[PDB]
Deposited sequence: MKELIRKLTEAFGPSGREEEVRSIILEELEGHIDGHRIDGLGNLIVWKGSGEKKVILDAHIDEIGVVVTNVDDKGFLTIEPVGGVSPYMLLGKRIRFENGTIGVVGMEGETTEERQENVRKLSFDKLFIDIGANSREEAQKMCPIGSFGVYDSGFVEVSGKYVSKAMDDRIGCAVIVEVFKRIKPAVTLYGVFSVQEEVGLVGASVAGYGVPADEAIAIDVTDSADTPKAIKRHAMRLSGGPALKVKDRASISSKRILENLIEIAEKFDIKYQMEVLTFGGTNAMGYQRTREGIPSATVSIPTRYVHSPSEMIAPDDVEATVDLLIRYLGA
């Protein structure tokens, strides 16, 4: 799965501009699916198998980023966050735009005191992006207002862990692709790669997401999700009887096929959530353990295969 994860996480796909992610998913899936369609909103749906039960696997394809909301007379860009990007995560970072344009995030403030003041309550209105332009007209030609940017960081192996941008939720997309690549389905299996800001009848829906891995220094919460603890199965409070049955089925599959799993504890179509534990979510260096990803693929193949 290494190369699949590299391609999906490094692909450009902020909200509304996910064409490259869809193309990679379809290229990886060719020869492994029976059909596909892209609805009016941009959701990619694929399907395989013919069993009587219909099951949806859903992961979202958007990644967090920024959107340009203004350009000044010297060509510097003003931005707002798209998704959960913290302004502290952007200081000194490079941002990649759709056409390959790279920008540098700076912070306002000339004196050392003003900068110390701005970082103590850092706000997006104190940030700007420098794309190397010298005027508004130069910047507009490169990066018009309304342009989306993403982290300019890529995939790297860190002593057996995988680190990239957009593990949330490209790792969920990767799991679904790998399931379709390997499975001999006992159900009719739909893969929904949603834009998340469907037209398919189904009996069950399983969302493949990420959850925060709380195993870094000074984490003292019991029942914390951790890397290499396996897929995290989500406990729901207001869940219907049918939703809780999906969860119990997955637990039974895990124990019967000897797959490690962990329970993510409480704080229309029946549904369950399976999550990949991830460190540093919403940073340019989200980190997963490949054995958790492989266990999640195995879990789904054994639950849905025959």
Deposited sequence positions missing from the model - stretches, numbered from 1, in order: 198-208, 279-292
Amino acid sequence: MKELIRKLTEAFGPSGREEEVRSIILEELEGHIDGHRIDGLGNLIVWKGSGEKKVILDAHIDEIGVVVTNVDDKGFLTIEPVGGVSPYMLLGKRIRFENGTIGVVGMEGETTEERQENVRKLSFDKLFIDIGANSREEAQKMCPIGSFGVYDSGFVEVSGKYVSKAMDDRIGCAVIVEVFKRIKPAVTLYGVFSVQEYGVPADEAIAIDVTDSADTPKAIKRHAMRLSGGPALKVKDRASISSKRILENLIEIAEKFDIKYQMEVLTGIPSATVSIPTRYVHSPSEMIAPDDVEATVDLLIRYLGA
From here on, numbers count along this sequence of modelled residues.
Mean C-alpha B-factor comparison - 184-192 and 216-224, higher one: 216-224
109-117 versus 152-160 - greater average Cα B-factor per the deposited record: 109-117
Residue with highest C-alpha B-factor in the PDB entry, from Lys93, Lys141, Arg96, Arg170: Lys141
Residue, from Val281, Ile38, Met263, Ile276, that the PDB entry assigns the highest Cα B-factor: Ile38
Lowest, middle or highest third - CA B-factor, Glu137: highest
Among modelled residues of the same chain, the CA temperature factor third for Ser243: middle
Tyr198, C-alpha B-factor rank within chain (lowest, middle or highest third): highest
CA B-factor ranking of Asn249, expressed as a third of its chain: middle
Chain-wide C-alpha B factor ranking for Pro87, given as lowest, middle or highest third: highest
